[PDB]
Amino acid sequence: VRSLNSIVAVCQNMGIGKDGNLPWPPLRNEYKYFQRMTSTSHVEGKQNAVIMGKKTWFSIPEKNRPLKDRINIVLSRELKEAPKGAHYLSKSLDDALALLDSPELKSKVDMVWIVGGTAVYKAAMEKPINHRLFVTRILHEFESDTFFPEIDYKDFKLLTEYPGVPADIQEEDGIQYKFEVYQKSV
Ligand SMILES: NC(=O)c1ccc[n+]([C@@H]2O[C@H](COP(=O)([O-])OP(=O)(O)OC[C@H]3O[C@@H](n4cnc5c(N)ncnc54)[C@H](OP(=O)(O)O)[C@@H]3O)[C@@H](O)[C@H]2O)c1
Ligand SMILES: [Ca+2]
């Protein structure tokens with residue numbers, strides 16, 4: 001494909017989860033940011049595709065699957081068939097990428113978003129393709145048992161500005177956070 005997009009929220013230690021869920025209680029504004037960023041396509045009659053690992057898919061409340069208005073792709077070396085609600089099942093990132101390039105998908109899909117977990121992010125990170133990483137840095141220490149892979153500061157350059165991403169420190173429910181965008185160019 002042309003380029004990937006990755007979106008994650010991280011607390012101070014780069015933690016992204018705890019016990020199968022997020023490390024922090026719900027932040028409204030963070031949420032809407034995710035829905036908005038992942039769902040919004042810049043082309044009529046096109047839909048965005050989201051890619052995620054098995055543990056992440058299941059983390060989503062059942063009645064809430066699949067993420068409305070996007071093509072849900074789950075990665076798993078173990079599942080035989082796509083979990084109930086997913087659109088496609090794939091064995092590796094590569095398979096996922098290939099599926100996307102296929103005739104039927106080729107045309108129905110706008111942007112591709114990697115929504116985790118660790119291994120998905122990592123895999124996407126290493127592909128020598130154009131890639132933009134949308135990070136929400138939550139300026140607090142919540143205990144996490146899952147972490148964001150290490151990012152290559154030589155490859156991913158932090159943008160100083162980007163359209164429609166507030167640049168100031170935000171706050172909600174007594175917690176502050178900041179939005180950051182890194183860009184990898186091949
Ligand atoms: N903060 C955030 O932005 C954010 C975003 C997502 C998730 N989360 C949290 O992270 C946790 C889930 O993440 P996780 O890292 O533990 O799990 P995960 O990546 O969601 O699930 C991992 C599984 O998915 C399959 N998989 C993963 N990478 C794959 C690859 N490259 N090729 C094929 N299959 C692959 C494998 O399943 P098989 O064993 O079946 O092969 C692997 O066991 C939860 O706590 C969730 O709340 C946070
Ligand atoms: Ca397994």
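Scope of the values below: all heavy atoms of this structure, side chains included, with no hydrogens, waters or symmetry mates. Both ligands and their constituent atoms are indexed starting at 1 by order of listing. Along the sequence shown, the residues carry numbers beginning at 1.
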Which of the numbered atoms in ligand 1 are below 4.0 angstrom from a heavy atom of [X]?
X: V120; value: 27 (C), 28 (N)
X: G20; value: 44 (C), 45 (O), 47 (O)
X: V115; value: 5 (C), 6 (C)
X: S92; value: 32 (N)
X: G17; value: 45 (O)
X: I16; value: 1 (N), 2 (C), 4 (C), 8 (N), 9 (C), 48 (C)

Under 4.0 Å, heavy atoms only, figure out whether ligand 1 is touched by the backbone of [X], its side chain, both or neither.
X: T146; answer: side chain
X: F134; answer: neither
X: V10; answer: neither

May I ask you to identify the nearest protein heavy atom to [atom], giving residue, atom name and distance to one decimal place in Å?
atom: atom 28 (N) of ligand 1; answer: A119 CB, 3.2 Å
atom: atom 3 (O) of ligand 1; answer: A9 N, 3.0 Å
atom: atom 15 (O) of ligand 1; answer: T118 N, 3.1 Å
atom: atom 46 (C) of ligand 1; answer: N21 O, 4.1 Å
atom: atom 40 (O) of ligand 1; answer: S76 OG, 2.4 Å
atom: atom 39 (O) of ligand 1; answer: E78 OE2, 2.9 Å
atom: atom 36 (C) of ligand 1; answer: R77 NH1, 4.1 Å
atom: atom 35 (C) of ligand 1; answer: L75 CB, 3.9 Å

Looking at atom 43 (O) of ligand 1, is any protein heavy atom nearer than 4.0 Å to it?
-> no

May I ask which of [options] has a heavy atom nearer to [atom] than the others do?
atom: atom 12 (C) of ligand 1; options: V8, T56, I7, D19; answer: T56
atom: atom 23 (C) of ligand 1; options: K54, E30, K18; answer: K54
atom: atom 21 (O) of ligand 1; options: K55, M52, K122; answer: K55

A side-chain contact here means heavy atoms from C-beta on lying under 4.5 Å apart; do [X] and [Y] qualify?
X: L100; Y: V109; value: yes
X: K157; Y: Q183; value: no
X: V50; Y: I73; value: no
X: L67; Y: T38; value: no
X: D173; Y: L27; value: yes

Min heavy-atom dist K91 to ligand 1 below 4.0 Å = yes

Take every heavy atom of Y121, measure it against each atom of ligand 1, and state whether any distance is under 4.0 Å.
-> yes

Do ligand 1 and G117 have nitrogen or oxygen atoms that lie under 3.5 Å from each other?
-> yes

Would you check the N or O atoms of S90, main chain and side chain alike, for any that come under 3.5 Å of an N or O of ligand 1?
-> no

Checking [Y] against [X]: is there a side-chain donor and acceptor pair closer than 3.5 Å?
X: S3; Y: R132; value: no
X: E171; Y: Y177; value: no
X: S41; Y: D110; value: yes

Counting distance only, does the side-chain N/O of [X] pair as donor-acceptor with the main-chain N or O of [Y] below 3.5 Å?
X: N130; Y: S185; answer: no
X: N5; Y: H131; answer: no
X: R70; Y: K68; answer: yes

Charged N to carboxylate O under 4.0 angstrom, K46 versus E44?
-> no

Salt-bridge present (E150, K122; N to O < 4.0 Å) = no

Working to the nearest 0.5 Å, report the span between NZ of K91 and CD of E78.
-> 13.5 Å

Point-to-point distance, once rounded to the nearest 0.5 Å, from CD1 of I16 to OG1 of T136 | 12.5 Å

If you draw a sphere of radius 3.0 Å around the Ca ion (ligand 2), how many protein N/O/S atoms end up strictly inside it?
-> 1

Between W113 and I7, is a side chain to side chain contact (heavy atoms under 4.5 Å, CB included) present by the stated rule, with each step listed?
-> CA-CA 7 Å; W113 287 95; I7 185 182; 4.0 Å; yes

Is the centre of the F134 ring less than 6.0 Å from the centre of the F179 ring?
-> no

Picking from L75, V74, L105, what satisfies side-chain contact (heavy atoms from CB on, under 4.5 Å) with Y88?
-> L105

